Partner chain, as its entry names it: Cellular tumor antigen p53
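The chain below stands alone, shown as structure tokens; this is the form solved without its partner chain.
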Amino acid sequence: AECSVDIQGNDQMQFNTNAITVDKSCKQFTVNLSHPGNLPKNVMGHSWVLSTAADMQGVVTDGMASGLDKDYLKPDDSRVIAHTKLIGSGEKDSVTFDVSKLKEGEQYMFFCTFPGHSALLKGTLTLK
């Protein structure tokens, strides 16, 4: 796929990919989240967070702090250029970011913020 990537997350708390390379001429990427599973968004939710590793943890720890209604996300985090809604069982959400937001050289990680999710589910983004 050009300047889009068909991601997913599942009941077996695993991401179907653990890395993403974005195209330097991509002038707008997309990440279409897809939940194939039987667990609700309240006990096995997932979401795609775009943010370096220099702040991944904090967006995490400060993510599971923002209630459950605040999609276990700190409201208006600058430490996230892009993120997806908290879908769940049979749900499907996405997000498209500015590839001018994506700085070269700087490492980058996507993950899940649901209390103890980022730990397991994640993967490296890059600007090849």
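Residue numbers count along the first chain shown, from 1.
The same protein also has a form solved in complex with its partner chain, omitted here; what follows describes it.
Using a 4.5 angstroms limit between non-hydrogen atoms, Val80 is distant from its partner chain in the bound PDB entry. Although the partner is absent here, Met64 lies within 4.5 Å of its partner chain in the bound PDB entry, judged by heavy atoms. In the bound PDB entry, at least one heavy atom of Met44 sits within 4.5 Å of a heavy atom of its partner chain. Although the partner is absent here, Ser100 is not a contact residue: none of its heavy atoms lies within 4.5 angstroms of its partner chain in the bound PDB entry. Contacts between stretch 80-117 and its partner chain, counted in the bound PDB entry as any heavy atom lying within 4.5 Å, involve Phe114, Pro115, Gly116, listed in sequence order.
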